[PDB]
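Got a structure here, written out as structure tokens. Questions coming.
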């Protein structure tokens, strides 16, 4: 697990709507 | 598991709608 | 499992619609 | 399983529509 | 299973439509 | 199974249409 | 099964149409 | 776990709507 | 755990709506 | 089965049309 | 079965049309 | 130019060294 | 040029060394 | 040029070394 | 040039070494 | 040139070494 | 030239070594 | 030249070694 | 030249070694 | 030359060794 | 020359060894 | 020359060995 990146998500929705809104800008000169 | 990257997602929706909205920009000079 | 990359997703939808919206730009000079 | 890459997906939809929308650009000079 | 790459997908749709939309560009100089 | 690459897909559709749309470009100089 | 590459697909459609659309370009110099 | 980055999220919603709204801009010259 | 970044969130909502509103701007010359 | 490459496909369509569309280009110099 | 390459396909269509469209180009210098 | 993001940088150094040092952390729950 | 993103950089160094050092972390739950 | 993304870089170094160092992490749940 | 993406780089080094170092991670659930 | 993607690179090195180092990870669920 | 993708690279090295190092991973579910 | 894809590379090395190192993985479900 | 794909490479090495190293994997389900 | 695919390569090596190393896998279901 | 596919290669090696190494797999179901 | 496919190769080796190594597999169902 030295470089291990463990991700766990459990999702349960009844009559539901998910709206994840993400704007990202990254310019390096 | 030295470089192991474990990802687990469990999904269950009844009459549902998922809207993941992602904008990403990355220019490096 | 030294370089193992385990991915598990379980999906179950009743009368549902999935909309994963992803925009990605990556130019390196 | 030293280089093993295990992927498992279980899908079940009743009267459903899937819309995975992915835009990717990658030019390296 | 040292280089084993196991992929399993189970699909079942009733009156359904699948739309996987993927755009990929990769030029390296 | 040292270099084994096992792929299993089970498909069952009633009155359904599948639209897998893939664009890929890869030129290396 | 040392170099075995096992592929299994089971297909059953009632009044259905399959549209797998794949564009691939790969030139290496 | 020397470089381990463990993330765990458990989600359960009944008749719910999630609205994560994120605007990010980062240009460095 | 020398560079470990552990994040844990547990979420449970009954008839609820989440509105995380974030505006961020960062330009360095 | 040391170099065995086993492929099995079972197909059954009622009033159906299959359209597998594949474009591939590969020139190496 | 050391070099055995077993292929099995079962086909049954009622009022159906099959259109497998394949373009392949491979020149190596 | 409605969504146009124009970036121009002109750089000329004689016997010079550039050290842009940036640390950024952003976790939202 | 409605979505045009024009980037121009001109670089000329005599006996020079460039050190652009960037650390970025962004996890949203 | 409606979606045109024009990038131009001109590089000329005499006895020089370039060190662009970029660390980026982005996980959205 | 409606979707045109023009990239031009001109490179000339005398007794030089280029070290472009890029680390990128992007998992969306 | 409606979908034209023109890329031009001119390279000339005397006693030189090029080290383009790129790490990219992108899993979407 | 409506779908034309023109790529031109000119390379000339005296006593030189080229090391283009690229790692890419892309799994979409 | 409507679908023309013109590629030109000119290579000349004196006492030189070329090392183009490319790792690519792309599985879509 | 409507579908013409013209490729030209000119190669000349004195006491030289070429090492083009390419790994590609592409499974679509 | 409507479907013409012209390929020209000129090769000349003195005391040289060529090592073009290509691994490609492409299974579509 | 409407469907003409002209290929020309000129080869001359003094005390040389050629090693073109190509692995290709393509199964479509 | 409407369907003409002209191929010309000129080969001359002094104390040389040629090793063209090609593996190809193509099964379509």
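When the chains are written out, they are named A, B, C, D, E, F, G, H, I, J, K, L, M, N, O, P, Q, R, S, T, U and V in that same order, and each has its own residue count from 1.
The definition used in the following text is that a contact is a pair of C-beta atoms (placed from the backbone, for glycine too) under 8 Å apart; a residue touches a chain by one contact, two chains touch by 3 or more.
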{"item": "Higher-contact pair (C-beta pairs counted), K-U versus G-U", "value": "K-U"}
{"item": "Matching chain pair for M-N (criterion: over half of the contact pairs shared, by residue number), options H-I, K-U or G-U", "value": "H-I"}
{"item": "Whole-Å gap between the CA centroids of subunit L and subunit T", "value": "40"}
{"item": "For subunit E paired with subunit L, centre-to-centre distance based on mean C-alpha positions, whole Å", "value": "36"}
{"item": "CA centroid of subunit H to CA centroid of subunit V, Å", "value": "54"}
{"item": "Subunit R: positions in contact with at least two other chains", "value": "1-29"}
{"item": "Partner subunit S, residues of subunit E touching it in the complex", "value": "5, 7, 9"}
{"item": "Residue ranges of subunit Q in contact with subunit R within the complex", "value": "1-29"}
{"item": "Complex contacts: residues of subunit S adjacent to subunit G", "value": "7, 9, 20, 22, 24, 26, 28"}
{"item": "In the complex with subunit G, residue positions of subunit U that touch it", "value": "25, 27, 29"}
